[PDB]
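Let's start with one chain on its own, the form deposited in one PDB entry, as structure tokens.
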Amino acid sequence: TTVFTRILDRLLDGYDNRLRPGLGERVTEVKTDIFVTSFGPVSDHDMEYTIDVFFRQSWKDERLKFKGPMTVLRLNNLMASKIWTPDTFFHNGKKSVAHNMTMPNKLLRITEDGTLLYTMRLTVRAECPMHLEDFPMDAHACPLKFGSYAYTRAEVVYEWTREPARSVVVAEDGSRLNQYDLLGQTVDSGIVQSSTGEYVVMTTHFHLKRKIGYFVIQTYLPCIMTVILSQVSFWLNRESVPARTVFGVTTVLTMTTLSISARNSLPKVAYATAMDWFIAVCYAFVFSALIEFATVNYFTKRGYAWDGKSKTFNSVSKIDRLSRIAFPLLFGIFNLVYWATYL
């Protein structure tokens, strides 16, 4: 231990952490790989998602070469503040936390040739712009871009440690998605030009597909059964005016209640989602069913129904007879077009 104490003192004697390795001489190459311990929840309202990762960065620093009884030094994470580290930030990150309980969740390893492995445990809330025109039958590609905040590509460049596909690893049981499926990720690198220079950007896109099972039971089925229910009124006789008026009015109230609560799970987007079109058409059918009854009621010649014995009785409305076919068929046609368009 006393031998290792002398080695550490020699490494930091005359060491300046304000300067990158090879400053003014060569570009500093930083090899990065990410291990995703848990892909946290995705927030549609905030257009963000959470991810917990082990963020590993590797680079060569010839100032940290050492000779000793061991080839790798596994030091306390307080050693990371005594040496130069990349100023990596997440471009779309909103509020990230580097965990420090019970100690800084960081590790530092120095190999005898000067290679450094620097890992930290992070919880990152990254931005994910979402186009919700197909909600809830929508898919998203949530990016995770990182790079140097201050060092241009002429000073610091980033590479993936291994093949780009294998440089991002997701834990087998580390999934915290309740309504999304992680279909996979694509990994790429590029150059982004800003007002301060050109920077290397490392991009990881996570492809998500929302699961519609929740909204089928909660919204689509009650809306479809309510619309089918509102078309049941067409099979009641035209004489029972108070009964059918209660049927038409109460279902529009039922549709209104289901309509009101369906918007609770969406951001106040200015455009119409795929579920808003379905509810608008479902609202149109229920309202059109009461207008259909209002036309039948307008021409109703007799207020008394069929007595069951045989004095004339109202014939079954030609409007009612056709409405028993047109309304179910148009709603079936709309569903066939609607679900084929989005699924």
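Just so we're on the same page, rigid core means the largest C-alpha set that superposes within 1.5 Å between forms. Start at 1 and count along the sequence shown; that's the residue number.
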Per the record, the count of deposited residues between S310 and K311 that have no coordinates is 10 or more
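Below: the form deposited in another entry, not depicted.
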Scan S233, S167, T85, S148 for the one whose CA shifts by 2 Å or more between this form and the one not shown after superposing the rigid core, and name it. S233
Please say whether, between this form and the one not shown, the C-alpha of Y15 moves by 2 Å or more once the core is aligned. no
Is_shifted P242 between this form and the one not shown (CA, 2 Å cut-off, rigid core): yes
